[PDB]
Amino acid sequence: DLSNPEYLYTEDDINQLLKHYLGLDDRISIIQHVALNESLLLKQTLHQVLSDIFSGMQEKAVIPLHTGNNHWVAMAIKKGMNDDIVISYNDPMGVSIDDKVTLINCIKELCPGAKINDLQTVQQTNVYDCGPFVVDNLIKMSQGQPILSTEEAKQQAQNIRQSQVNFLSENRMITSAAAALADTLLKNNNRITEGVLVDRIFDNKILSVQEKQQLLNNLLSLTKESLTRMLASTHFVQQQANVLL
């Protein structure tokens, strides 16, 4: 339950937040699934990121790293000045990157020239706030902005959680309202044409003229996923999710 002050962020929660905050720059790679207990996948993941930076197709990567006991840590990897690769890291419990032997071995193998920037800053004050701090760290470290100090962290923990969870709640409700409208418009189809979508909007017996004409307007080869995404950007679907409060 997102309203619970002790809610543990999931992988999807962090992905949704990082996409929301950073996603307008397509040169930032947002990595979803990486865990220290999966060494082969970790090395594959870091190598892909380093190859995308080498080629110039990506400038930076933000990586929510899953450690022991469902703990989350923040790693960012960017092109530095000159020809440097900069690895910035912060564990919200203040534990050194050096404690993470697997990760240090991986990095030494793939990029032994990398500049390691372990901020080593205790931030969390309970067993539940890794998620909020990893998100706030990844956003700031990505742009070479200073992360919250131990004192600011203590002062801001509930505020940064509340701001992030407000988005998560809105995101979930808008997406649920968009997916339900998408289901009524798709009927027995997995995919529809623009023409069939418009037919289905004109024929719909529940929407009103304003909502149907705001819809075609707000809209200015379509799947459940792409139509859901479209409907989620529409003002009147956002209105319905806002009432669901």
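The first residue of the sequence shown is number 1, and the count goes up from there.
Unmodelled residues of the deposited sequence between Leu220 and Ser221: 4 to 9. Legend: mean Cα B-factor per stretch from the PDB entry, 60-68 versus 204-212; the higher mean is in 204-212. Annotation for 116-124 versus 129-137: the higher mean temperature factor (C-alpha) is found in 116-124. Note on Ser176, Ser29, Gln32, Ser51: the highest value goes to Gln32, judged by CA B factor as recorded. Take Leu40, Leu46, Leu186, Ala180 and read off each C-alpha B-factor from the entry; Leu40 has the highest. In this PDB entry, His20 carries a Cα temperature factor that places it within the lowest third of its chain's modelled residues. In this PDB entry, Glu152 carries a Cα temperature factor that places it within the middle third of its chain's modelled residues.
Split the chain's modelled residues into thirds by C-alpha temperature factor. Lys108 is in the highest one. Looking at the C-alpha B-factors along this chain, the one for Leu231 belongs to the middle third. Ranked by C-alpha B-factor against the other modelled residues of its chain, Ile85 falls in the middle third.
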